[PDB]
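First the proteins, then the strands, lettered A, B, ... as listed; each starts at 1. Below, each value reflects all heavy atoms present in this structure, side chains not excepted, and no hydrogens, waters or symmetry copies.
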There are 4 protein chains.
Amino acid sequence: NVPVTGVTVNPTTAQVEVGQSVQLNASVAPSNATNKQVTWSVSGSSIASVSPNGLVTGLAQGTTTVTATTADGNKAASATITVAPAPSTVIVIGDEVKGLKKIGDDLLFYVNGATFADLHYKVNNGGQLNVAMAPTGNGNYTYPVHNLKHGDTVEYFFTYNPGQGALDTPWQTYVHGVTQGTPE
Amino acid sequence: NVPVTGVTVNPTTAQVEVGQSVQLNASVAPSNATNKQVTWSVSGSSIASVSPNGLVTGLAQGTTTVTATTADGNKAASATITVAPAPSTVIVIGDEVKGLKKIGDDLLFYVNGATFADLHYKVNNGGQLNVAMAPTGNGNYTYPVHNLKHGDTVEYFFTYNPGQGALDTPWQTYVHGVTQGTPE
Amino acid sequence: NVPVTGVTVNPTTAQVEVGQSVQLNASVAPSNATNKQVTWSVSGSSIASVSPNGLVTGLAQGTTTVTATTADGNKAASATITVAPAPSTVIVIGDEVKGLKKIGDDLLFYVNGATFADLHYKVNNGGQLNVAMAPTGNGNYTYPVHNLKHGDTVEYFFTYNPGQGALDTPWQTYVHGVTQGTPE
Amino acid sequence: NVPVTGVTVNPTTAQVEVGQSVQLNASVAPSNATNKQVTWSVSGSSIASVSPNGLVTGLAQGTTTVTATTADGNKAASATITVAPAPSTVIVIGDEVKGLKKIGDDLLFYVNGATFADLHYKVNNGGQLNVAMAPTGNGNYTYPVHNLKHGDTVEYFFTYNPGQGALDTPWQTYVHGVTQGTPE
Ligand SMILES: [Cl-]
Ligand SMILES: [Cl-]
Ligand SMILES: [Mg+2]
Ligand SMILES: [Mg+2]
Ligand SMILES: [Mg+2]
Ligand SMILES: [Mg+2]
């Protein structure tokens, strides 16, 4: 009855971090068009996901094109979504003796003041990994875990000897981009 | 007191799949060296992990070097670990109406015989994403989820209308490299 | 028909290696419809590219959807494209003293029978990198270069001591997935 | 003759961008020690490369451990090196009609004020790809190329129609992390 003459998407560009969402809106012309329904699509779906209502969620580093197409007339408009890297901001989770630093998408596990330090860790429902932590050269130890994604659940404990004799710590649970710590 | 004169690492090369392990052995010479301690290290810890006992675990595609160094004398030997891509052999986890195909590290969700299909999923402790599944053009629908890791836990269901009206399927859970299906 | 009534894409599923191409064709319904022009699109452009004439090139591992949309009527059909990874074969490029093995997308540089080996290399218009090659324990050396992609251009030479004294080899050029060598 | 007793790595932590370098140095205890030779190793070589003289180069985002081991004593110390992502800062390379935006490690090719736009590009010694650029909805066009690394050589031109005839722009060359443009 009142045909669509056009569509625009707002915002026309947005930056999100991996795991963050932005709501897009399709503006259909004329404003009294009978059928304002749109299909949302993305040309780079490993970068960004789009819901049936234009909610865009960053999945990985990159820039992609979200398009809205009118059910009436197949007019199409698009926005550019940039998914930005995790900031390299160091977030510390634990105490003076042990814990981890979040450094973008790597975790740096640390044990301070020992004879040796091992790390026991598991990621989501994969297997346990037992590793020797690297000596810094001063009684301190470090071990980087690489390339975590948003939602990755890491269970981890240490075996170390701070003098008395070898002890195991209680397993902690860390969720990538959900567990909070204190900045730099 | 008997000094270490050499070390060999066996096997000298090995291919594993991601999340598969292989036990290396360090042979310290001579057999009656008084210190037979070795440290295991990996030059490429993104690709494979090594335990203090030489258990090497494939983490991601590529080739790396695991070295054994003697505590006595710093004698060194090394092995080549090749971590092989997930095979592209199509495994079906589902039935004739809906489910997924595992195709290497991507999952292709499918719904057959509907007027529309949506997918509701979540990976690990990430947020639920809602997508419209892409029509093939014959009343069937697909939607790929890209780049899963060994242990990644996908929880999912569908909304579709096979004639009588929209219904939701029950929550299913897939664990990447663990959940089994029908190698079709 | 003057009008278009439907479209199907032929083939409906296809697999290529990264680097390879598959021609898609759109079967426009009415056998002899007026306008048989389609728009080709891809929902996973990291994985596969599609030409205006429906040629699909694999860019990176994964599975994606390529759609043809009719100019007349905006009928849409789609094909599933699987891009398989470089198989972890071993291709030798060199002689019995030095060269590299191509192992899927990593290169294993080797020098056999030396008192030390350095590798000097450069990838595309990137900077020169100098590395000490890891000793395997028997006067041989290896060094893996990780995650090369199709068309990556590597210039390399070695400094090693075969006993007589240090020499430099002549620079060689390798082009990833173009330069060939000795299979198995 | 004066032996070795210890080593520290200077600096003990450092951050670079992908493509960039930081010189590490081993401080060997006794500072008059006759043999100050170290071996440099890195545990995550996908992330960062180390020269036989302790120059570390960032190759890919993440955090890794670079170790110095004394030739005399094989005492060892470690530095933590963070490789930070190419910032998602928009650099415009082109003019008001056509060019590209560098947005982290993705390039967004654009053509403004056309009835259609195609992009012809080639990465390094890979194949030339042809793509229909995606219309924004206003007579402008866009097409992202994804996940370039430092030194990647992109040769491109455009076919577009500014109103009265398709024309081809001349070949341009972009060198990722080398070609400069104007920030935002
Ligand atoms: Cl993609
Ligand atoms: Cl690595
Ligand atoms: Mg895209
Ligand atoms: Mg390595
Ligand atoms: Mg896709
Ligand atoms: Mg590391």
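When all heavy atoms are compared, the tightest approach of D/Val56 to D/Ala48 is CG1-CB, 3.8 Å. Nearest heavy atom pair, residue B/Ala26 against residue B/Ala68, reads CB-CB, 4.0 Å. For D/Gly62 against A/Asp106, the heavy-atom pair with the smallest separation is CA-OD2, 3.3 Å. In this structure, B/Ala33 and B/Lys36 approach most closely via the heavy-atom pair O-CD, 3.3 Å. The two residues D/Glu17 and D/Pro87 have their closest heavy-atom pair at OE1-CD, 3.2 Å. Nearest heavy atoms, B/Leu24 versus B/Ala79: CD1-CB, 3.8 Å.
B/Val83 has its side chain within reach of B/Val18: a pair of non-hydrogen atoms, C-beta onward, lies under 4.5 Å apart. Between A/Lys102 and A/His176 the shortest side-chain heavy-atom distance falls below 4.5 Å. For the pair A/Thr142 and A/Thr136, the minimum side-chain heavy-atom distance is below 4.5 Å. Using a 4.5 Å heavy-atom threshold, the side chains of C/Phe116 and C/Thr159 count as touching. Under the 4.5 Å side-chain criterion, counting only non-hydrogen atoms from C-beta, B/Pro30 is in contact with B/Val2. Taking the side chain as every heavy atom from C-beta outward, B/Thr67 and B/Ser43 never approach each other to under 4.5 Å. With a 4.5 Å cut-off on side-chain heavy atoms, C/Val16 and C/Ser21 do not count as touching. A heavy-atom distance below 4.5 Å is not found between the side chains of B/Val50 and B/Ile81.
Qualifying side-chain contact (heavy atoms from CB on, under 4.5 Å) partners for A/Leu119, counting only residues two or more places apart in sequence or in other chains: A/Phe109, A/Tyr121, A/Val131, A/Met133, A/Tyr143, A/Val145, A/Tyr156, A/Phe158. Not counting sequence neighbours, the partners of C/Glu155 by the salt bridge (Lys or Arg N to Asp or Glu O under 4.0 Å) test are C/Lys122.
Rounding to the nearest 0.5 Å places OG of B/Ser45 at 11.5 Å from CG of A/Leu129. We find the OH-OG1 distance between D/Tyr174 and D/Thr179 to be 6.0 Å, quoted to the nearest 0.5 Å. With rounding to the nearest 0.5 Å, the separation of CG in D/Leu148 from CG in D/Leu107 is 4.5 Å. Here CG of D/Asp105 is found 12.5 Å from NE2 of D/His146. Values are rounded to the nearest 0.5 Å.
One side chain, D/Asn1 or D/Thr34, offers a donor N or O that lies under 3.5 Å from an acceptor on the other. Donor-acceptor pairing under 3.5 Å is recorded for the side chains of C/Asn130 and C/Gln128. Residues D/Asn10 and D/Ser27 have side chains that never bring a donor and an acceptor to within less than 3.5 angstrom of each other. Between D/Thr153 and C/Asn124, the side chains place no donor N or O within less than 3.5 Å of an acceptor N or O (distance only, hydrogens not considered).
With respect to A/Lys149 and A/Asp152, no salt bridge is recorded, no charged nitrogen being found less than 4.0 Å from a carboxylate O.
In this structure, B/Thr12 contributes its side chain and B/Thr80 its backbone to no donor-acceptor pair below 3.5 Å. With hydrogens and angles ignored, the 3.5 Å screen pairs no side-chain donor or acceptor of C/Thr115 with any backbone N or O of C/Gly163. A side-chain donor-acceptor contact under 3.5 Å links A/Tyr141 to the backbone of A/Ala114. A donor-acceptor distance shorter than 3.5 angstrom exists from the side chain of D/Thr70 to the backbone of D/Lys75, with no hydrogens or angles considered.
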